[PDB]
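So the structure is just underneath, and the comments pick up after that.
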Amino acid sequence: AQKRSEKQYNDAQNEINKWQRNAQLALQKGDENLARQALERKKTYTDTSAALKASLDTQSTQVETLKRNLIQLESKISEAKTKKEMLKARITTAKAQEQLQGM
Amino acid sequence: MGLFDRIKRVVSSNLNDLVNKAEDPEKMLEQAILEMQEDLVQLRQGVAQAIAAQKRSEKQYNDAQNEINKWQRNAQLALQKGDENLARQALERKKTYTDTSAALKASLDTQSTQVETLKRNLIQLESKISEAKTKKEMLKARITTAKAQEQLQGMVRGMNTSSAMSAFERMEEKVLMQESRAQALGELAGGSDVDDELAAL
Amino acid sequence: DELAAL
């Protein structure tokens, strides 16, 4: 979902420059009418770019926290997997000591 | 206050809490989006009718404008063939068309403004629905964050939210107790001297 | 401002 959001942001950003170029093409060929209309429409894209980037930032923060949590969980499971072998060692210690007392 | 009001408030407060437990976020988010889009579709058709009416009005304006020049040409034809009678009568009638042209264009302008506002509103609605469609995925991410964090806490020693940890800790304690039994049985039935070498070196 | 450009 983060990838999708960033792609949308990029596309809106590209269209902003596209309509700026259309305004310049109006200046080269057309007149003030089309040149001004291009930016009139570009208003909306400039709005949406920021309106989207605001949320893209929070999305990025969420993804970072999730990645951190996943790494933490992996580490803790590894710790448990070591504790299992330590417990087996304790079982053997118990049985050895019980063997000694029986003597 | 009343009594029947109070009884019905209790019954309602029970039914509502019964329903609000059945709602599930992952599905109701999608249902809300689906109905959102349905409504947008049904608004498109109203905008389309507005546009069609504008086309009709402009066409009528154009036809009246054309007839103005037609009757001017008829006056000129009278000047070429007929006399002042028909030449003046053509413009006498053309008076009405000149009136109607402006009387119609006045309203055509407002119609155009309305259609422009409607188009703007439709674009705005599309943008907002897209924003909601992104928020849905952000909320799913939040759900996953919540479940991951709840998984992490279940890993701590002193809480029993997770069955796997419950079993793991239970076996751990069982084994520690077994080892303690062995040690106690060892005790029950039954370094100064070597620290001297540390003085040698 | 674009009106100044052209």
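Letters A, B, ... go to the chains of the structure tokens in the order shown; residues in each chain start at 1; ligands are counted from 1 in the same order.
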**Item:** Residue neighbourhood residue 72 (chain B), 8 Å, only C-alpha atoms, exclusion window fewer than 3 positions, as number ranges by chain
**Value:** B: 68-69, 75-76, 90-91, 94
**Message:** Could you go through chain C and tell me which residues DSSP, when run on the backbone, assigns to helix (DSSP H, G or I), listing them as a list in words?
**Reply:** residues 2, 3, 4 and 5 of chain C
**Message:** as an MDAnalysis selection string, please: the residues near residue 3 (chain C) (cut-off 9 Å, only C-alpha atoms, same-chain neighbours under 5 positions excluded).
**Reply:** chainID A and resid 32:33 35:36
Hey, which bits of chain C sit within 8 Å of chain A, and for each residue what's the closest pair of atoms and how far apart in Å (one decimal), counting only C-alpha atoms, rows by chain and increasing number, as JSON lines?
{"residue": "C:2", "atom": "CA", "partner": "A:36", "partner_atom": "CA", "distance": 6.0}
{"residue": "C:3", "atom": "CA", "partner": "A:32", "partner_atom": "CA", "distance": 5.8}
{"residue": "C:5", "atom": "CA", "partner": "A:27", "partner_atom": "CA", "distance": 7.4}
{"residue": "C:6", "atom": "CA", "partner": "A:27", "partner_atom": "CA", "distance": 5.5}
**Request:** Check every residue of chain B for an atom within 10 Å of chain A, counting only C-alpha atoms, and provide those that qualify as a count of residues only.
**Result:** 44
**Request:** Can you pull out every residue within 12 Å of residue 107 (chain B), counting only C-alpha atoms, but drop anything in the same chain fewer than 2 positions away, and send it as a PyMOL selection string?
**Result:** chain B and resi 53-54+57-58+60-61+100-105+109-114
Take the residues that were just selected and, keeping C-alpha atoms, output them as a tab-separated table (two decimals), in the first residue's frame.
chain	number	residue	atom	x	y	z
B	53	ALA	CA	-29.78	20.73	-21.68
B	54	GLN	CA	-26.95	23.20	-22.19
B	57	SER	CA	-30.01	25.80	-25.35
B	58	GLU	CA	-26.92	26.74	-27.35
B	60	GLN	CA	-31.55	27.15	-30.12
B	61	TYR	CA	-29.44	30.28	-29.74
B	100	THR	CA	-35.15	36.46	-28.64
B	101	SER	CA	-31.44	35.99	-29.32
B	102	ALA	CA	-30.44	38.12	-26.33
B	103	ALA	CA	-33.36	36.91	-24.20
B	104	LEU	CA	-32.02	33.38	-24.68
B	105	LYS	CA	-28.29	34.07	-24.40
B	109	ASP	CA	-24.77	32.00	-19.71
B	110	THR	CA	-26.15	30.97	-16.31
B	111	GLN	CA	-26.71	27.45	-17.59
B	112	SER	CA	-23.05	27.29	-18.58
B	113	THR	CA	-21.97	28.45	-15.13
B	114	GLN	CA	-24.12	25.77	-13.50
**Straight-line distance linking CA of residue 6 (chain A) with CA of residue 41 (chain A), stated in Å to one decimal** =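 Straight-line distance from CA of residue 6 (chain A) to CA of residue 41 (chain A) works out to 22.1 Å.
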**Request:** Mind giving me the straight-line distance from CA of residue 96 (chain B) to CA of residue 115 (chain B) in Å, one decimal?
**Result:**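 Separating CA of residue 96 (chain B) from CA of residue 115 (chain B) is a distance of 28.6 Å.
Between residue 93 (chain B) and the residues B:70, B:106, B:63, B:42, the shortest atom-to-atom distance, using only C-alpha atoms, involves B:70.
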